[PDB]
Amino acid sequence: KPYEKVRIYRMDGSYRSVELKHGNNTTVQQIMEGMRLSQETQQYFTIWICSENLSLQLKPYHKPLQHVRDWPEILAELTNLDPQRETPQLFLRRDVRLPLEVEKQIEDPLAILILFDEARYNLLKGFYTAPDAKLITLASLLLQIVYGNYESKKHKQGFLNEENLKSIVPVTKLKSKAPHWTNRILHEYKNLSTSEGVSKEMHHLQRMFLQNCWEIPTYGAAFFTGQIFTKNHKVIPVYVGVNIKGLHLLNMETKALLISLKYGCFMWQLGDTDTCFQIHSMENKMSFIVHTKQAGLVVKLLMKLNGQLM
């Protein structure tokens, strides 16, 4: 009755309340046990702590409510933001260390829908760079998943307005490029619905969406914030994407993919004070420095995910 509890959110804005059996000393491991997940579902996910401008994956031993309590100090350590705009929340999200090989193993419908929701969130936010063709395929799969079977009478004309397009294309493409895709999306949408060889089972359609995402360079990336200086010395705010594939820089403003490097094709060096890191592109005559108080976290994660490949 006088028990403490916390909301664990997902990217779609849904949440599950979990009892805190040890109050603010309750660990990630204990909260994960408190979720309605089998060990089949649990192993792919962990608790993240996220405010608008900082997302951290927590480890089984971490005490998430103490991170909530200490958030202003964590922001001051890792960022140059003001803590007024940032009260953090706890999220269930993909473990950044999950190998793509293991994720391709997954048959569990709940695990698939959680990965699917997170993948869709990243697509719509513009964190996935892919050719117009790939994005149109993903848009067609979201139409089948969200709106059901194509019907000429409903979908042919005056359906894909900006309201409906917003839910199936990246926000970065919505205004300028997406409106010219409408006919190609609807064609692939019709092709899905009228293809009896394509399973209409929800977890089957969601895995198809994920299949198309697995080939995107930034897929399953943890994103950090930093700045690069151009060679006169213009400051460019960047997202640093670190995933099981390598390192990815996005222009923060446009989400444009500036560089994508696979593990084994680049080296890193941590700055003297964890305020910057240097990338050298092995056999590419290219070098750049990212300024970020998250430099220590970026290099730590690069070391872990590079080391994971055997």
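Residues carry their position along the shown sequence, with the first being 1. For the two forms, the rigid core is made up of the largest set of C-alpha atoms that agree within 1.5 Å on superposition.
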Inset, instruction - Please work out whether 83-91 or 106-114 has the higher root mean square C-alpha deviation in 8 other deposited structures of this protein relative to the shown form, with the rigid core as fitting region? - result: 83-91
Legend entry - Core-fitted comparison in 8 other deposited structures of this protein, 33-41 vs 56-64, farther C-alphas: 33-41
Inset, instruction - Would you please confirm whether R207 lacks atomic coordinates in a third or more of the other entries that were compared? - result: no
Legend entry - Other entries lacking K231, at least a third: yes
Legend entry - Chain break class for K231 to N232, judged by how many deposited residues have no coordinates: 4 to 9
Legend entry - Entry-level comparison of average CA B-factors, 79-87 and 216-224, reporting the higher stretch: 79-87
Inset, instruction - Going by the average Cα B-factor in the PDB entry, point out whether 245-253 or 38-46 comes out higher. - result: 38-46
Legend entry - Per the PDB entry, maximal CA B factor within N122, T137, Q144, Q157: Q157
Legend entry - Residue with maximal Cα B-factor (values as given in the PDB entry) among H204, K177, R97, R93: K177
Legend entry - CA B-factor placement of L56, once the chain's modelled residues are sorted into thirds: lowest
Inset, instruction - Relative to the other modelled residues of the same chain, rank the CA B-factor of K1 and answer lowest, middle or highest third. - result: highest
Inset, instruction - Quick one: classify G197 as lowest, middle or highest third of the chain based on its Cα B-factor. - result: highest
Inset, instruction - Place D132 in the lowest, middle or highest third of its chain's C-alpha B-factors, as listed in the PDB entry. - result: highest
Inset, instruction - Looking at the entry's B-factor column for C-alpha atoms only, identify whether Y239 ranks in the lowest, middle or highest third of its chain. - result: lowest
